[PDB]
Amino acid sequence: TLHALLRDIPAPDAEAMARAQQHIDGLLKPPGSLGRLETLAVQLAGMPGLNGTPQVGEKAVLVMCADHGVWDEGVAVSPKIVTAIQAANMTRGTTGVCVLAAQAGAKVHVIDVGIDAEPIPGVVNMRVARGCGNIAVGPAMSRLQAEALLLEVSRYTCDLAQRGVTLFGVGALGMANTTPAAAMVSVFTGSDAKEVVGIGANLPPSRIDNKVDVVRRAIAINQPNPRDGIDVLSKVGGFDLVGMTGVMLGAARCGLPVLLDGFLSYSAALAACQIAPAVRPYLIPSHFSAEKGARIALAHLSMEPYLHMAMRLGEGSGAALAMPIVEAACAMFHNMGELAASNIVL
């Protein structure tokens, strides 16, 4: 039902947004003084799954895990098995995103969408294959596979709204995944690879040329169509990137907010917004990733992150870190007194 899913993403609710603006202007402060807390509160009020008001109930960070055949091109200094080890660490609460999610009172959902290892007990199993194809020589997956994964993850995501989740975050875990992320960013924005290829997980300065060349080769051989984000995902993305796009389609379909993380997630967000522009009003940035291509990706999303933390972990820890800011916008909205009640005219 993918066509129906995309078709049925709701528009933001202009009426609820006008009522929200009106309330904010009347609060106990100079009009506009809380800046982007104000604009964030109105954006949230517009999302139909929030029931006409900025609010946060339960929070979930979905961490999408997979391996990538492009690891064989020597674009990642972390050994391949780190994806599987770290995915298992997610079930024990010891990773960055686990710790930051706990701090924010969010639950982490670890989803294996294609790790090249035995299944990890405890991890949600949506595995497409044991790793995707090497994008340097051919596609990451078939279109059927990318579509099926989008539908499954989007259904999983919107189903969490039944258990009270009203705010998602997304992240990805997959050795070498900054390579397809950079291929996709280059394709969607028209920037040359050299401008959007970063060091990812501490790649030595001397291997950057190889990684730029591998991105260009992937684009050259696959010839992804920039106007078909599912084509771009299936050809030069990865299962974890498709997985993050699926969380965004599902949150949007559910009329609910989703916090981006870093560059991996911006690449997925570019795909999501190409596939269904109606996704865009549900997306909330968290932080401004240290990765080279972060600025270019965020400009094409017309997004300005709240947090400048020079972070590049990418598995959702940035999204978790911004959940308190969303909660702060709701608290301001609901808990502030009003000017009129103090007799103050400004």
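Residue positions are given as counts along the sequence shown, with the first one as 1.
Annotation for 34-42 versus 310-318: the higher mean temperature factor (C-alpha) is found in 310-318. Remark: stretch with higher mean C-alpha B factor among 139-147 and 248-256 is 139-147. Out of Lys29, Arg280, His287, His68, it is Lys29 whose C-alpha atom has the highest B-factor in the PDB entry. By the numbers in the PDB entry, the CA B factor is greatest at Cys158 among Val185, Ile111, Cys158, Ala269. Among the modelled residues of its chain, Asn89 has a C-alpha B-factor that falls in the highest third, as given in the PDB entry. Ranked within its chain, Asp213 lands in the highest third, by CA B factor from the PDB record.
Among the modelled residues of its chain, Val56 has a C-alpha B-factor that falls in the middle third according to the deposited record. In the PDB entry, a CA B factor belonging to the lowest third of its chain's modelled residues is recorded for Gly174. Among the modelled residues of its chain, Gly229 has a C-alpha B-factor that falls in the middle third, as given in the PDB entry.
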